[PDB]
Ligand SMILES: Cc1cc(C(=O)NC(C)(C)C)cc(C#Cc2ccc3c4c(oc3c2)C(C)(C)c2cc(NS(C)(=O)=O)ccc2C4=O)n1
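Before any questions on binding or motion, here is one chain by itself as structure tokens, the form solved without the ligand.
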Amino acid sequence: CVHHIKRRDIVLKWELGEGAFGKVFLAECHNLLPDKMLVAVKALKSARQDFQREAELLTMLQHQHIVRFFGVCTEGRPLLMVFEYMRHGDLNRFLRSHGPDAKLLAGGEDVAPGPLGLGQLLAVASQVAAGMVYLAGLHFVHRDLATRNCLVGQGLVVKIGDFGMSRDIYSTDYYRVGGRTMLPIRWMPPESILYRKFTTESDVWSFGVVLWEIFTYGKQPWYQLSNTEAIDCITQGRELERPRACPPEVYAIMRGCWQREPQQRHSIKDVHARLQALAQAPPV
């Protein structure tokens, strides 16, 4: 059941991001854990209904690699959801800040500036896969797996989670297929793009693309192509090229995720195992 938090224990510092349905803030939460504490707060703008359902949903989803939900404040307005603060923001931004295109050098005291090591890129992937293993186990279908929708905390702990506003912060990553719903086409398999079928196999395909993002420091997939060009590529069975950073045994894991027949795609469980393995013993 849902944990509740007193508005007086929540003190906003400043806005972090914004969508058409909410703002996210950085803030301090008193008396949350045995104290004074940094957290992320989603402030919401019929509505109070979906909010309640969603609040219950993400109290059921507890796992070492799912962003931690602390509770809600429904006492008055606006409706607040409280999450653990992940100091490095979304995984996409974290990756780009350690890429070769990065203008300014990345700061912080918990990770070195510049390119990550193979071991580190691998553990990043393994941590996301771990969270996807969990979800699959609950027959939960994510539908929008991308590095933009993972978060990175203290010490490079990586967790799946977002604040429901990626379509606004990262609109370039969504396209109205057929002029209908905004979909993250570059992360989608043909059956999802063509027929809007979203499954566990759909998610493993997306994980394949996440691996690619990870080994390209967050480049957008098919970044040289327009949305219609990307749809054509994916539809015809063109696969993203192996990244320069990427060793063959890792690229083989990607291609496993990109089997055209959904049932031919390796399970998330296997992908996780082969990723942990490699992280422990990174090839050359």
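Start at 1 and count along the sequence shown; that's the residue number.
Same protein, other form: the form solved in complex with the ligand, not shown, and the subject of what follows.
Visitor: Decide open or blocked for this chain: the ligand is absent here, so superimpose its site C-alphas on those in the deposited bound form and check whether 3 or more ligand atoms come within 2.4 Å of a backbone or C-beta atom.
Guide: Here the answer is blocked - the superposed ligand has 3 or more atoms within 2.4 Å of backbone or C-beta atoms.
Visitor: Could you tell me if all three of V24, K42 and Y85 have a heavy atom no more than 4.5 Å from the ligand in the deposited bound form?
Guide: All of them do, each having a heavy atom within 4.5 Å of the partner.
Visitor: Scan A123, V157, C73, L135 and let me know which has any heavy atom within 4.5 Å of the ligand in the deposited bound form.
Guide: None of the others qualify; the residue that does is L135.
Visitor: Pick from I253, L240, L58, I231: which residue has any heavy atom within 4.5 angstroms of the ligand in the deposited bound form?
Guide: It is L58.
Visitor: Determine whether any heavy atom of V67 comes within 4.5 Å of a heavy atom of the ligand in the deposited bound form, and answer yes or no.
Guide: Looking in the deposited bound form, residue contacts with the ligand include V67, since a heavy atom lies within 4.5 Å.
Visitor: Contact with the ligand in the deposited bound form for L151, defined as at least one heavy atom pair within 4.5 Å: yes or no?
Guide: Residue-level check for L151: yes, a contact with the ligand.
Visitor: Within a 4.5 Å heavy atom cut-off, is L16 in contact with the ligand in the deposited bound form?
Guide: Yes, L16 lies within 4.5 Å of the ligand in the deposited bound form.
Visitor: Would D162 show up as a contact with the ligand in the deposited bound form if we use heavy atoms at 4.5 Å?
Guide: It does: once the ligand is placed as it appears in the deposited bound form, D162 has a heavy atom within 4.5 Å of it.
Visitor: Quick one: find which of 162 to 170, 209 to 217, 110 to 118, 192 to 200 has residues within 4.5 Å of the ligand in the deposited bound form by heavy atom distance.
Guide: Residues of 162 to 170 come within 4.5 Å of the partner.
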